[PDB]
Amino acid sequence: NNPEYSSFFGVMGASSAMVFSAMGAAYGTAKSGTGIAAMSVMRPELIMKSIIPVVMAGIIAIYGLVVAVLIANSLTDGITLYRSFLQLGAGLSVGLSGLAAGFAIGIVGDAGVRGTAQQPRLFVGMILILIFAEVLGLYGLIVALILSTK
Amino acid sequence: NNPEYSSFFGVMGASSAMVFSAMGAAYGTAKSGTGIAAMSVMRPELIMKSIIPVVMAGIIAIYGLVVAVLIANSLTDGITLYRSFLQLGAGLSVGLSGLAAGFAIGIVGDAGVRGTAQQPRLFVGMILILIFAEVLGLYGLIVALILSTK
Amino acid sequence: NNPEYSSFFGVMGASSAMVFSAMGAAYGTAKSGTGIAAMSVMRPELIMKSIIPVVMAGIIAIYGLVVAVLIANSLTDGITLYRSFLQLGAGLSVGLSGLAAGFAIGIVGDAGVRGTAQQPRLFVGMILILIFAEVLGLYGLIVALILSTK
Amino acid sequence: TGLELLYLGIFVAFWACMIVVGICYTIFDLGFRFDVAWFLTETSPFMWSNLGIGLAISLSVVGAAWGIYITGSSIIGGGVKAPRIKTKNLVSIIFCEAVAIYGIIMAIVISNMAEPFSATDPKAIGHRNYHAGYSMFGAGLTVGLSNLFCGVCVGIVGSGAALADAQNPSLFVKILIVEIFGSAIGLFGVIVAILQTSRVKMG
Amino acid sequence: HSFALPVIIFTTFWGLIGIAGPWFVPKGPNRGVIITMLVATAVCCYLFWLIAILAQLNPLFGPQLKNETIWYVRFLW
Amino acid sequence: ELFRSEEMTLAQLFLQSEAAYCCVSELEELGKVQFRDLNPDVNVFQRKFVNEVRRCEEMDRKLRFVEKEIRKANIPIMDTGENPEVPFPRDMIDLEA
Amino acid sequence: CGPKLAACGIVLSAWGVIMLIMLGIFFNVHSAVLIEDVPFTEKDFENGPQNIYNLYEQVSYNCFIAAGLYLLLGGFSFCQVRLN
Amino acid sequence: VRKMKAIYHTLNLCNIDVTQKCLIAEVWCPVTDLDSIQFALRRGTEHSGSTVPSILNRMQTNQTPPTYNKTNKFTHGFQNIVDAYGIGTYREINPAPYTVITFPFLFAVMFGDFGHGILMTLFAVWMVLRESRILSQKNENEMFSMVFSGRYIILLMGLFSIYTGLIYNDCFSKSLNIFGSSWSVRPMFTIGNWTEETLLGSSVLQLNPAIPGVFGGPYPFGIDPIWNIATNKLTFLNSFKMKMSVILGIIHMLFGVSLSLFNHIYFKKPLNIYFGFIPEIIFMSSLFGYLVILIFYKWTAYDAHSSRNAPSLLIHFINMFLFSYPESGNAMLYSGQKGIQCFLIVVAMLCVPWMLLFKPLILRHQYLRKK
Amino acid sequence: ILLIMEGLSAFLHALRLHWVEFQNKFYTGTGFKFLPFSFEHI
């Protein structure tokens, strides 16, 4: 009954959910770490507070993992095609939203750490600013759950 | 009966609504974060005013989410190809309008913040400029509801 | 029953699992090795510690190998197309997630070596950031194992 | 910058359009069309073959040509203050031409293999002829691109050797070993292309 | 009967901790923090368990097993 | 009680100038106090106790110097007990000597 | 060696022996939760449960022997942590 | 040298007016220690040739004082992490006593492997047991010093992570076969009925239908041990862990606004207790009360026979906020639910203008009356 | 991975949930720290 290619869009969903989320988290980590490394030269103490963007990059890859697992556990040969496009939509919607989140987490997670080195009072601001980056990945996850479970 | 591929364009709708809005919200946040962080050192008291462009970039991601949810909640296997193209339209409409709003909000929410510490009277002006940015996301939402509900 | 062409995707999965992981582990190595060399002139004693990023890039090459081997040992002359797609997805999902971790270990390894040379206190914090890179490869492995065995 | 961006735009647009088409013919169930089978069968084996032969020459010649001027430019520029360079360091050019030699060798060998089928039906053309046309393309591509890369590497390293000589004559003899490791890549391209060629027959 | 008894046990356990705590706790600044620790512990620990058991009630689908496991679960339990 | 932020007060002190050194020492041993700054003009030479702080800074440098010289000789610093402050009189000059 | 390696060897010794003897027990009682962990083969769907029971005993010995090796790592590490 | 440097540094904070014989200074202190500083001033005079006891007057026209809270081994870290986001206003409600459990609780929900809970417990215990030694050791291992300063809080969250790992029934991918099961032995799949499906199950994977008589019924432990080995386990586990996190988050949010009302009562402000808590709690409660009721309701109202064509929780939530139930695709859960959905959102939305505008208008009227 | 890194991950995630998503209902976090000026800082 169902088309042979039907599962292809499902598995590309699951892959995309991870890949783009990993790219996001990678960029987020890479930028933040570069800033942290540079700042630590005159700031041996801020290091442990400064890692916070890196962790916020990490959760994006986990949001990808949630969806990627959810899709993967709901694949089968007999899949109804409509379920596969739902799963594709989910995997992109978390995957690329996590990519976008990772870009914001990266730029914030550089600049905010540098600013905090220049002025410790920025820390709270950087926390708030970084939340409004990481929440993108969460919105990606919300719709990706609605889609995958529809 | 309706063509079984028709749900593809519907999920591309929900995804685009989320993804492009997240890309907008990311770039709005990233530029604003660089701005706030670079500014903070000279006038640290300004952070709690200067976060506001980030909140607006967050609102763009919310406009994407509202559409992406409404699309996803409306999908069905049997979906008429007409409705599926409406949903693609709605998804691109909000999503790319949010991306546009995020480009504005980013450029304004950088430069306006870096101006504001040199001259605090700019702050009300930056808010007024940003209203005319954030509204693009709202126009995207308006069209996206008008499409996806009809 | 199955299409004779159909093993093509699973094979592209086995290839991709290695290739993109290798591109990652290579870039991570290459960046870190440049950093180590440019550091060593000042601080030779740091080499035996500052090598760690290269080892973690090596882990990504292993995550590739695992999935590549697993797919290859799972191939068969008349493979079910659904199983071939699962293997493709496994292959990309580790392969590119390893690319993303390779980028991250690369950037962090290079910058974090310079940081350590200029402030030795960084090294203990750098390891945390490097784990937060390297784990993206592991999340890609988790999904790739799930897909291949599902 | 700009002239690269124009080409990059065409490159990205090409792949974007293939993704659109790949989805389109899949989702519309038209994916019975664009079966790679008819493309790889209705194409003449002679097309594949002659591209192969011409690649084997021309890519080797490109690798060698870059090879030549990259070292030569340095021979000349160092040579102003160190005229001794020219006579001995010219061996790099000889190895760059050896990459061209590897081209012409493999190309002439490939060029003996092709003969007319007197046929146009794929079944009357038969497996041997297709397998030959592909294998010949593969061989000519293999040697061609391997030599392309080999010659550029030899030119690069040989330039380095020439600029080392300009400071101390003894460095040339020592450094020259890397030109062998360069040149060997072109020979490996030849070896593989021979083996890819080794089973072929046409007509 | 048999499901409700476990609920009553765990409900009573966390509730009785919150009840008995104020009687056991001494005077002075530590008092209110220690009592609040018992109170918040009872609330959170009861609720987390309560959800888990209520979610375990009336399963809409059962476990899925592999062919090899299905044969061996005949004898090994 | 720790359910809310603790109660505090401000007070104004008739700080006797010859008591003040000992008053500060007792208040610092107590520790449960925070001084308001009544001297916005305070700077290295504008402050009320220029010499006493500059003496303490040089005495810290001389202490660091002799400590490094004993450490360079590979000799352990003795490191035992706790000690009171010097009283209000200038007996710090014997420490300088 | 150094004291850091000896402290790690103490922790892995204790944790290892605990988990490996518990595994030795779960294998020797032939527990059903271990079906995916035991290295069974097609020949174990023939003759009867004695075939799998022989494997469960051998794997129970693997964990017992590994626990013995972690007791030796313990005794070594309790010397090294004092010697270094 | 340290004591002298500190004394003379502090003395530079004093002032001398043109008519003034003494020095003048001001201090903040705890109200409990206004006596302690007076004893220190009396002693400070007596430790000198001076007779005047250097006493004080309490100040009345005070600015907002520096904020304080007492700490001990169990509370030091919890207060520091509160202070790390920012220092409270004077007299403000302290989050820290609620944080003492709440932070460890959410961490344990996250970190809920039974064996990791033990290993972290053990690490924190070895820091507490060695405390008298560690306090004298090298300061240079700053990583160990930081986690040592968290040792008691790390222990508490370690204990909760054991507790969560127990309910999740997992140590290191292993579960307690000590327990009974809601799963049933292979003979129960072969009651004449289902035996044919068990013969297919004697070649390929099969799903237990959880049908009555075959099924082992309601379960008194944590999660059934069988879900460690079952191929579909992650689906089951995800349905749980999502729904859990939602309810827990909702409850902590409702406690946060309750803490807001308590803080508003501690400041004794009639506007804040009215225009804050009332609209906020009603807004949240009208959405969330229904949602939690639906989550618990499905587990009571639905069972194995109803599983095929069972409704979605998330859809019945989405179609409350959007009203958008399409008379189809999902079964409605109870009589009048459509009217309840409409009512609850309308009641919540009617709360917003009070917060948005009516509080601001009263503040504007107060500024116009203050003339 | 787990005992170190995912521990620190979980620690910080939950800490963040406290700092805003809980505390922002009721806690202003604006003020000056009371500093005990003391010989304890020697």
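Method of determination, as annotated in the archive: cryo-EM, at 3.9 Å resolution.

Engineer: Looking at this structure, I do not really get the overall build of chain H. What am I missing?
Structural biologist: Along the backbone of chain H there are 14 helices and 3 strands. For chain H, whose C-alpha radius of gyration is 31 Å, the value lies well above the compact-globule estimate of 21 Å for 371 residues. The principal-axis extents of the C-alpha atoms in chain H amount to approximately 110 × 65 × 25 Å. Contacts in chain H between residues far apart in sequence, at least 24 positions, make up 64% of those at least 6 positions apart.

Engineer: Would you mind going over the pattern of salt bridges with me for this structure?
Structural biologist: Two side chains bearing opposite charge may form a pair once their charged atoms approach each other closely. All names here are of chain F. This structure, assessed with the given rule, holds 21 salt bridges over all chains. Between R4 and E7 there is a salt bridge, with its nearest N and O atoms 2.8 Å apart. Among the residues examined, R4 registers a relative accessible area of 23% and is labelled partly exposed. What makes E7 partly exposed here is its relative accessible area of 33%. A salt bridge links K62 to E58; the shortest N-O distance between them is 2.8 Å. Remark: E58 and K62 occur in helix α2 (residues 50-72); sequence separation between them is 4 residues, near one turn of the helix. Since its relative accessible area comes to 47%, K62 is described here as partly exposed.

Engineer: In this structure, what is going on with the interface of chain H and chain F? I would like to understand it.
Structural biologist: Think of interface size as the accessible area that goes away when the parts come together; that is how it is often given. Listed per partner, the contact involves 58 residues of chain H and 52 residues of chain F. Buried surface at the junction of chain H and chain F, summed over both partners, amounts to about 6100 Å²; 66% is from carbon and sulfur atoms. Summed over the shared surface of chain H and chain F, the number is 2 salt bridges. Taking the shortest distance from any N to any O, the salt bridge between H:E26 and F:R36 comes out at 2.7 Å. Scanning the region where chain H abuts chain F turns up 25 residue pairs in polar contact. Mapped by element, the contributors of at least two residues to the side of chain H that touches chain F are α1 (2-11), β1 (25-30), α2 (34-46) and β2 (56-58) of chain H.

Engineer: Even after reading the chapter, I still don't get the arrangement of the chains, so can you show me in this structure?
Structural biologist: A comparison of contact numbers over the 16 pairs of chains in contact places chains F and H at the top. Chain A makes no contact with chain E; the smallest distance between any of their C-alpha atoms is 12 Å. A minimum C-alpha distance of 11 Å separates chain B and chain I, which share no contact.

Engineer: Got a minute to help me understand the sheet that holds β1(H) in this structure?
Structural biologist: Strand-to-strand pairing in sheets goes through backbone hydrogen bonds, with the strands running parallel or antiparallel. As summarised here, the arrangement of the 4 strands in space is β2(F)-β1(H)-β1(F)-β2(H), forming an open sheet in which the pairing is antiparallel. Edge strands, defined here as strands with exactly one partner in the open sheet, are β2 (34-36) of chain F together with β2 of chain H. Here the average twist between neighbouring strands, direction ignored, is 35°. Inspection of the sheet shows strand β1 (residues 8-13) of chain F paired to β2(H) by 3 bridges, in the antiparallel sense. The residue bridging F:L13 from the neighbouring strand is H:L56, located in β2(H).

Engineer: Would you take a moment to explain the packing of helix α3 (residues 52-74) of chain B against helix α5 (residues 122-148) of chain B for this structure?
Structural biologist: Each pair of packed helices can be summarised by the angle the axes make with each other and by the distance between the axes. Residues and elements named next belong to chain B. Packing of α3 against α5 brings their axes to within 10 Å, and their N-to-C directions diverge by 5°. Considered as vectors, α3 and α5 are oriented roughly parallel to each other. Where α3 approaches α5, its residues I52, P53, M56, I59, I60, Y63, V66, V67 and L70 are matched on the opposing element by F123, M126, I127, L130, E134, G137, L138, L141, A144, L145 and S148. Along the lines of polarity and charge, the residues of the contact of α3 with α5 split into 17 nonpolar, 2 polar and 1 charged.

Engineer: How should I be thinking about the pairing of β1(H) in this particular structure?
Structural biologist: Within a regular beta strand, the side chains point alternately toward one face of the sheet and then the other, so they alternate between its two faces. The buried count for β1(H) comes to 6 of 6 residues, which makes it a mostly enclosed element. With 6 bridges joining them, β1(F) and β1(H) adopt antiparallel strand pairing. Looking across to β1(H), one finds that F:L10 is bridged to H:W28. Sheet topology note: the β2(F)/β1(H) ladder contains 3 bridges and is antiparallel. Directly across from F:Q34, in β1(H), lies its bridge partner H:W28.

Engineer: Honestly, helix α5 (residues 91-111) of chain D in this entry has me stumped. Any pointers?
Structural biologist: What sets the pattern is the α-helix's 3.6 residues per turn: residues three or four places apart point alike. Residue and element names in this part refer to chain D. Here α5 contains 21 residues, and its C-alpha end-to-end distance of 29 Å stays within 8% of the 30 Å for a straight helix at 1.5 Å per residue. What α5 keeps buried is the set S92, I93, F95, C96, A98, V99, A100, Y102, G103, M106, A107 and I110. On the buried face of α5, the contacting elements are α3 (45-79), α4 (85-89), α6 (122-165) and α8 (177-197).

Engineer: Looking at this structure, how should I read unusual backbone geometry?
Structural biologist: Excluding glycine, residues mostly have negative phi values, and the peptide bonds linking residues are mostly trans. All names here are of chain H. Even without being a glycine, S173 presents a positive backbone phi close to 70°. One can find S173 in the loop between α8 (151-167) and α9 (195-200). Unusually for a residue other than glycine, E327 sits at a positive phi of about 55°.

Engineer: Which parts of the structure should I look at to understand the interface of chain H and chain A?
Structural biologist: Contacts between chain H and chain A engage 9 residues on the former and 9 residues on the latter. When the two sides are added together, the surface that chain H and chain A hide from each other amounts to roughly 880 Å², 70% of it contributed by carbon and sulfur. Inspection of the chain H/chain A interface yields 0 salt bridges. Looking at the side of chain H that touches chain A, the elements with two or more residues in it are α3 (76-85), α7 (142-149), α10 (233-266) and α12 (313-321) of chain H.

Engineer: Would you mind going over the packing of aromatic side chains with me for this structure?
Structural biologist: Describing an aromatic ring pair means giving the distance of the ring centres and the angle of the ring planes. Scanning the entire structure with this criterion turns up 56 aromatic pairs over all chains. With a centroid separation of 5.6 Å and an interplanar angle of 70°, the aromatic rings of H:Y68 and I:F34 are classed as edge-to-face. Remark: I:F34 occurs in the segment after α1 (2-22) and H:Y68 occurs in the loop between β2 and α3; the pair is interchain, linking two chains. On the basis of relative accessibility, which here comes to 26%, the residue H:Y68 falls in the partly exposed class. The class for I:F34 is buried, based on a relative accessible area of 3%. Put simply, the rings of A:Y5, A:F8, A:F9, A:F85, B:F8, B:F9, B:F85, C:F8, C:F9 and C:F85 touch in pairs and so form one group of aromatic residues. Over the face of the ring belonging to D:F34 we find D:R33, whose NZ or CZ atom lies 5.6 Å from the ring centre.

Engineer: Sorry if this is basic, but what is going on with the UniProt feature "transmembrane region" in chain A here?
Structural biologist: Residues and elements named next belong to chain A. The UniProt feature table records "transmembrane region" at residues 6-28, 51-71, 88-109 and 127-147. For residues 51-71, the helix share is 95%, the strand share is 0%, and the end-to-end C-alpha distance is 31 Å. The span residues 127-147 is 100% helical and 0% strand by assignment, and the distance between its end C-alpha atoms comes to 30 Å.

Engineer: I tried to follow helix α1 (residues 3-28) of chain G on my own but got confused; where do I start?
Structural biologist: Residue and element names in this part refer to chain G. Compared with an ideal rise of 1.5 Å per residue, which puts 26 residues at 38 Å, α1 spans 37 Å between its outermost C-alpha atoms and is within 8% of the ideal. Taken as a whole, α1 has its buried residues at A6, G9, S13, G16, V17, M19, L20, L23, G24 and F27. Among the structural elements, α2 (50-83) are those in contact with the buried residues of α1. A positive phi of about 55° marks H30, the residue just after α1.

Engineer: So what exactly am I meant to see when it comes to a nonpolar patch on the surface here?
Structural biologist: All names here are of chain D. Together, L5, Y7, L8, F11, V12, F14, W15 and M18 make up an exposed nonpolar region whose accessible area comes to about 870 Å². Tracing the backbone through its elements, the reader meets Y7 in helix α1 (residues 2-27). The exposure class assigned to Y7 is exposed, which follows from its relative accessible area of 61%.

Engineer: Teacher, can you tell me more about the environment of C:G58 here?
Structural biologist: Residues and elements named next belong to chain C. As for its placement among the helices and strands, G58 is situated in helix α3 (residues 52-74). Relative accessible area serves as the criterion here: at 30%, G58 is assigned to the partly exposed category. Along the backbone, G58 and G112 are 54 residues apart, and their C-alpha atoms lie at a distance of 18 Å.

Engineer: Please clarify how the side chain of D:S49 should be interpreted in this entry.
Structural biologist: Residue and element names in this part refer to chain D. The residue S49 is located in helix α3 in this model. Residue classification places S49 among the buried residues on the basis of a relative accessible area of 1%. Beyond its immediate stretch of four places on either side in the chain, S49 contacts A114, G133, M136 and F137.

Thresholds applied
Residues numbered from 1 in each chain as written, not as in the entry; some residues may be left out. Chains lettered and ligands numbered in written order. Part of a larger assembly, values for the part shown. Heavy atoms only, no water. Residues with missing side-chain atoms left out of burial classes, pairs and counts. Helix = DSSP H or I, 4+ residues; strand = E, 2+ residues; numbered from the N terminus. Rg over C-alpha atoms; globule rule 2.2 N^0.38 Å. Contact = heavy atoms within 4.5 Å. Salt bridge = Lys/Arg side-chain N within 4 Å of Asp/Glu carboxyl O. Buried < 20%, exposed > 50% of the residue type's maximum accessible area, 1.4 Å probe, protein only. Buried area = accessible area lost by both parts, 1.4 Å probe. Polar contact = N/O pair within 3.5 Å; in protein donor to acceptor, adjacent residues only side chain to side chain. Pairing = 2+ DSSP bridges. Axes fitted to C-alpha atoms, helices over the stretch in contact; angles between N-to-C directions. Parallel < 35°, antiparallel > 145°, perpendicular 65-115°, else oblique. Nonpolar A, V, L, I, M, F, W, Y, C, P; charged D, E, K, R; others polar. Expected span 1.5 Å × (residues − 1). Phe/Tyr/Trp six-rings, centres within 6.5 Å; stacked < 30°, edge-to-face > 60°. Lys NZ or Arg CZ within 6 Å of the ring centre and 35° of its normal. UniProt positions renumbered as here; feature names shortened; annotations may be inferred. Patch = residues over 30% accessible without salt bridge, like charges linked within 9 Å, V, L, I, M, F, W, Y side chains within 5 Å. Areas by Shrake-Rupley, 256 points an atom, 1.4 Å probe, with all protein chains shown as cover.

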